[PDB]
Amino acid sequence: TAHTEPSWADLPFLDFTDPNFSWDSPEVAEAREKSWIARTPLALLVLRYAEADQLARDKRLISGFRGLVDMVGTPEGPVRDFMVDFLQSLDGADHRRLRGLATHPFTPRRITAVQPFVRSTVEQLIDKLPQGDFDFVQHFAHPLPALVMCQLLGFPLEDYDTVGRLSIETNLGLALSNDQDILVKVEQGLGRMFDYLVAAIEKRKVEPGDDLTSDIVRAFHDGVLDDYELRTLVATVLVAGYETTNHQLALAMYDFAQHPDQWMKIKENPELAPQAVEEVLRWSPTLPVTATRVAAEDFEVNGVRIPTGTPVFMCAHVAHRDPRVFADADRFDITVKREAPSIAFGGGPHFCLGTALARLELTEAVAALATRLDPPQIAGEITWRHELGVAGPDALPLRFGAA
């Protein structure tokens, strides 16, 4: 009988954990043309838009995070605890219960309500921008999502830098490991983050506000979740809301620095902003791989059998360059009215909780920056994030206008 899965015989191979690998290489394009799904050593990789969108919702595929933790063999400890218990690792009743307590402030209706704050914050950040060369992350891409999360979670607004610094230094992008050197840094960062969070939580336990930390504390007083679930959930929302938005904002500037004519088009027509943001999400999603799933049962799709326990990764970046769906897919173009959205936010039960908030922050940022400033220009060497997950500039030296 068969030595390998018969339906896997023709699947193109890709190794995204290879120093020379690029999502935009011709070999990746060839793979997507040959097959809707590629084989990697440890996981199947979905490359075409239709299947990536559909399978992220497929109930036969649950969260693969716990599978990955066992795959990398993280030892028993605080880092493993967080990685196996946090929202993205859960499914069924536990997931819907915990996600449910964090949903309210992120619903489209409630995002409308925070819009005035976002616009005012963007305006203020632009008012005090430096006038020569400067780090865009330091002066805009970091402050904006840090302040927004502080506002939503009930943290003092002057704590925005500390909160941002705390999120970065958890090094959660490096947590999928069994190396002790890395795991020391991750644990130390998580501990310091929990120090701030527990202090905020204990304060809301006695004097609650209308913020999300206060909301979750009330659920804790109603016995819906325990103390550990409480702090883990707050930590989850904070980290997931900060780094992604930060890097995506920095990628937006990078995209327009490479294509400044399109910046002038938004200045000419501010109405282009939402479409422009969606193009940034299509062209350069901060999470090239969005949904990390695992087969919960044996099933078949397009004649390819996916047995129980198969890790399945949704490759948003490659799916965004699918010419079956997007016209002139490998060209950055904000002017094209597109039928299909980006799938930068994944899908299914785990679909990004702050999707509407993310689009708001990006749209408000882009619209105001383009209306008030000249096109961005790269002003020095960029420091890129070299990790699995969040991608984009950690530091972006630039100037708005040649003079």
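From 1 onward, residues are counted along the sequence shown.
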Original post:
Between 347-355 and 65-73, which has the higher average C-alpha B-factor in the PDB entry?
Top reply: 65-73
Subject >> Which of 173-181 and 75-83 has higher mean CA B factor, as the PDB entry lists it >> reply: 173-181
Original post:
Going by the deposited entry, which of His247, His95, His139, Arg231 has the highest CA temperature factor?
Top reply: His139
**OP:** Would you mind checking which of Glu123, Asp222, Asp91, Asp322 has the top Cα temperature factor in the PDB entry?
**Re:** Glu123
Original post:
Ranked by Cα temperature factor within the chain, is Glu243 in the lowest third, the middle third or the highest third?
Top reply: middle
Subject >> Entry-reported Cα temperature factor of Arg372, expressed as the chain third it lands in >> reply: highest
Subject >> Third of chain Cα B-factors occupied by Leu281 >> reply: lowest
Original post:
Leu147: which third of its chain by C-alpha temperature factor?
Top reply: middle
Subject >> Ranked against its chain, the third holding the CA B-factor of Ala113 >> reply: highest
